[PDB]
Amino acid sequence: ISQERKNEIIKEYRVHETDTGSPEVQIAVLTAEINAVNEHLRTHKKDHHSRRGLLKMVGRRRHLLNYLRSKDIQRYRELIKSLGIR
Amino acid sequence: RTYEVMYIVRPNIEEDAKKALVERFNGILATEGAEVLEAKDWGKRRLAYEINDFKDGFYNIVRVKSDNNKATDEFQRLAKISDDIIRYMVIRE
Amino acid sequence: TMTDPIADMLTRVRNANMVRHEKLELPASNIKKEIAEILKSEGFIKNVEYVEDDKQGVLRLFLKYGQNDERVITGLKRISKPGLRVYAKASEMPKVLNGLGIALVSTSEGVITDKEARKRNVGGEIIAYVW
Amino acid sequence: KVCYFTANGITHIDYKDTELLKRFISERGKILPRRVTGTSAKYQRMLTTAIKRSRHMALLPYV
RNA sequence: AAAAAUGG
RNA sequence: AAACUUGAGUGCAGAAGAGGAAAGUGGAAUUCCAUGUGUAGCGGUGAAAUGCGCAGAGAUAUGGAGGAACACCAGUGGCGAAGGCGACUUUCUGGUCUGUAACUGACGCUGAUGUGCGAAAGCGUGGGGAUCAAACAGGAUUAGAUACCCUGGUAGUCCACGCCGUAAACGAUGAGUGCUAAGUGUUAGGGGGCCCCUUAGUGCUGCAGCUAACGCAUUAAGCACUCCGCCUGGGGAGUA
Ligand SMILES: [Mg+2]
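Residue numbers (the deposited numbering), protein chains in the order written: chain p, 3 to 88; chain g, 2 to 94; chain i, 2 to 132; chain s, 14 to 76.
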């Protein structure tokens with residue numbers, strides 16, 4: 003995604019101002035990247051090399067989601083219903 | 002996003018026909034929301050090798066800026082169809 | 002990743018002893034500090050210093066070499082490990098090198114040597130052997 | 014030895030700079046090797062790309 | 001850089 | 001249960017790359033075709049012959065058709081998990097490295113079962129077809145020659161979509177982490193005065209230590225800890 007769109011996402015999902023590394027921010031950015039690569043692959047099906055990075059991103063987002071659900075259930079539920087990633 | 006389009010017109014083009022052709026192709030490069038930053042002509046130059054059996058060619062340089070490449074794609078399609086432009090190339094930067 | 006800081010510290014000591022280095026800086030922890038202090042008290046290392054820096058802190062060991070440059074520490078062996086933990090009773094406390102070595106133990110009465118464990122009549126997790 | 018681009022400070026090679034490219038092209042048109050021309054690898058890559066572009070645009074010859 | 005097998 | 005920032009990620013500033021997918025454009029050469037000139041061979045081998053040519057071949061000059069691969073650059077160079085990736089242009093897209101220390105605050109490592117990719121050959125449907133070339137056919141060699149050599153030549157080699165899932169798929173060396181003398185080249189960075197320091201790779205030489213030896217040696221085959229896979233004499237047999 004463009005750095006402008008990434009800035010928009012981090013602004014939207016940041017817990018507080020100057021927050022870029024929160025699990026919410028990271029998993030929202032990962033969701034955006036995952037969707038972008040999915041749209042790429044729909045046209046370029048045989049891009050196995052790209053799909054591998056997509057799968058790595060999916061796994062990182064899942065581990066972030068697991069950590070968030072372990073630390074704060076309410077935040078996890080709110081975030082997943084906000085991003086539509088369940 | 003910037004683009005430099007270089008093309009070669011056949012050496013046996015009359016002045017008026019060449020002017021019409023360059024005007025048409027500059028307009029093509031300008032159509033699809035693309036602003037022609039600057040177009041210029043390097044004159045007729047010797048080709049390093051014969052292209053379509055021509056030893057010379059009129060070299061046209063154009064620089065155009067756009068957020069997409071529809072103008073460049075139309076230019077390339079019409080240059081392929083044209084038998085007056087011998088060579089063309091588009092460089093991003 | 003790192004999985005046994007005690008083993009890492011013992012291996013640092015072993016490698017430095019092999020190369021005949023004089024000092025040794027390692028990341029610090031309470032168990033490591035107690036092990037180092039036991040080593041100093043028993044005479045296997047010359048000195049121990051603690052640097053209360055940022056992050057974790059640092060332990061600076063100074064090793065001891067006898068006359069003719071002979072190495073005082075012959076060997077260190079991790080006994081209890083993350084993959085398999087070993088505990089012993091007071092009556093089953095092992096003697097390292099027929100008593101010429103020490104077994105560092107972790108007990109309810111603090112981490113001590115096997116001699117102290119036998120004297121106080123306690124057991125615990127046998128951290129390591131040093132001879 | 015020294016690299017021409019590193020010494021002159023030029024950080025870009027233009028494929029329409031035929032006068033410059035002729036310096037590193039061979040008599041028959043082959044691209045002179047880096048170990049002979051003294052150029053760096055970083056700028057050797059740019060030089061090769063520029064030379065191939067120029068060949069495509071007929072500024073420079075293939076043979 | 002023609003071809004020249006085998007031997008309880 | 002509560003704190004921390006070193007691990008692990010995120011932000012910001014940069015860097016290089018044959019990393020991948022899809023279109024487009026070039027030049028050299030091979031083959032074939034059409035003409036002009038011109039004639040007794042060309043081709044090939046150790047030597048020959050088959051073959052092509054005298055119905056005009058081969059050679060030579062001009063043009064046309066088509067397929068495939070990208071000379072030079074090119075380098076123990078680069079990129080990728082591996083297989084692999086080398087003309088150029090554009091579009092989409094993955095990963096890696098360097099420097100700050102705003103940010104999250106252990107979110108990590110490994111990984112049975114699963115799920116995907118995976119050279120070449122091969123298979124199915126459709127297309128394409130220059131070159132090369134299993135099978136095959138001649139010609140040679142030979143005691144024989146179901147070969148090596150020569151002249152041809154089909155599948156295939158190419159493309160799209162499916163399948164197959166194997167290689168000495170090799171560094172015959174699982175992954176992660178930390179510690180342990182040095183000398184020297186190279187790739188991408190960074191800091192300090194041609195020089196010094198430093199991060200990440202990629203090579204060579206070389207201590208301690210290890211090894212049956214050969215050798216390895218900060219890119220360990222050394223010293224350690226975690227997880228996984230695997231071995232237990234040869235054959236039978238990777239067979240039933
Ligand atoms: Mg015999």
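Every residue, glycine too, gets a C-beta built ideally from N, C-alpha and C.
Rounded C-alpha distance that separates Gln-76 of chain p from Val-31 of chain p: 20 Å
Using Cβ-Cβ distances below 7 Å, what residues of the stretch 12-46 of chain g are close to chain s? none
Taking Cβ to Cβ, would you say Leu-62 of chain i is nearer than 8 Å to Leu-25 of chain i? yes
Quick one: measure Cβ to Cβ for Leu-60 of chain i and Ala-37 of chain i, integer angstroms, because I've assumed they're closer than 8 Å. 6 Å
Counting only Cβ pairs nearer than 8 Å, list the residues of chain g close to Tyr-56 of chain s. Within chain g, no residue comes near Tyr-56 of chain s; the closest Cβ sits about 17 Å away, beyond 8 Å.
Excluding the five sequence neighbours on either side, which residues of its own chain have a C-beta within less than 7 Å of the C-beta of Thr-50 of chain s, listed in chain order? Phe-37
For a cutoff of 8 Å on Cβ pairs, would you count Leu-73 of chain s as touching chain g? yes
Mind checking which residues open and close the beta strand (DSSP E) that includes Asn-61 of chain g? 55-66
What residues from chain g crowd round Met-70 of chain s, counting only those whose CB sits closer than 7 Å? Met-7, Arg-88, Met-90
Note down the Cα distance separating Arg-2 of chain g from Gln-77 of chain g, rounded to an integer number of angstroms. 17 Å
Buried or exposed for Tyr-56 of chain s, please, with buried defined as at least 16 other CB atoms from any protein chain shown within 10 angstroms of its CB. buried
Tell me which residues share the same chain as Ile-39 of chain i and place their Cβ nearer than 8 Å to its Cβ, disregarding the 5 neighbours each side in the sequence. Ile-103, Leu-105, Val-112, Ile-113, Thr-114
Three-state secondary structure (DSSP) of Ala-129 of chain i: strand
Suppose only complete runs of 4+ residues qualify. What are the alpha helix (DSSP H) ranges in the stretch 3-67 of chain i, listed by chain order? 6-20, 31-43
Let me check one thing: in DSSP terms, what residues is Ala-104 of chain i bridge-paired to? i:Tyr-130
Check whether chain s comes within 8 Å of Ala-49 of chain g, counting only Cβ atoms and requiring the distance to be less than that. yes
What residues of chain s sit near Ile-52 of chain g, judged by a beta carbon separation below 8 Å? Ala-71
Quick one: using the 10 Å Cβ neighbour count with 16 as the cut-off for buried, is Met-3 of chain i buried or exposed? exposed
What's the call for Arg-66 of chain s, buried or exposed, on a 16-neighbour Cβ count within 10 Å? buried
Would you tell me roughly how many angstroms separate the C-alpha atoms of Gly-76 of chain i and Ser-92 of chain i, rounded to the nearest one? 25 Å
Tell me the DSSP secondary structure of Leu-45 of chain s in three-state form. coil
Pop quiz: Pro-28 of chain i and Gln-57 of chain i are said to be a contact at Cβ under 8 Å. What is the actual Cβ separation, rounded to whole angstroms? 5 Å
Do the CB positions of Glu-5 of chain g and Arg-64 of chain g come within less than 8 Å of each other? yes
Give the secondary structure of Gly-44 of chain g by DSSP, where H, G and I count as helix, E and B as strand, and everything else as coil. strand
Tell whether a beta-carbon distance below 8 Å holds between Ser-67 of chain g and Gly-34 of chain g. yes
Under DSSP, the beta strand (DSSP E) around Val-91 of chain g begins and ends at which residues? 86-92
So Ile-128 of chain i and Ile-7 of chain i are in contact, right, with Cβ under 8 Å, and what is the actual spacing, rounded? 6 Å
Take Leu-98 of chain i as the anchor and find which of i:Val-131, i:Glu-50, i:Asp-55 has the nearest alpha-carbon. i:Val-131
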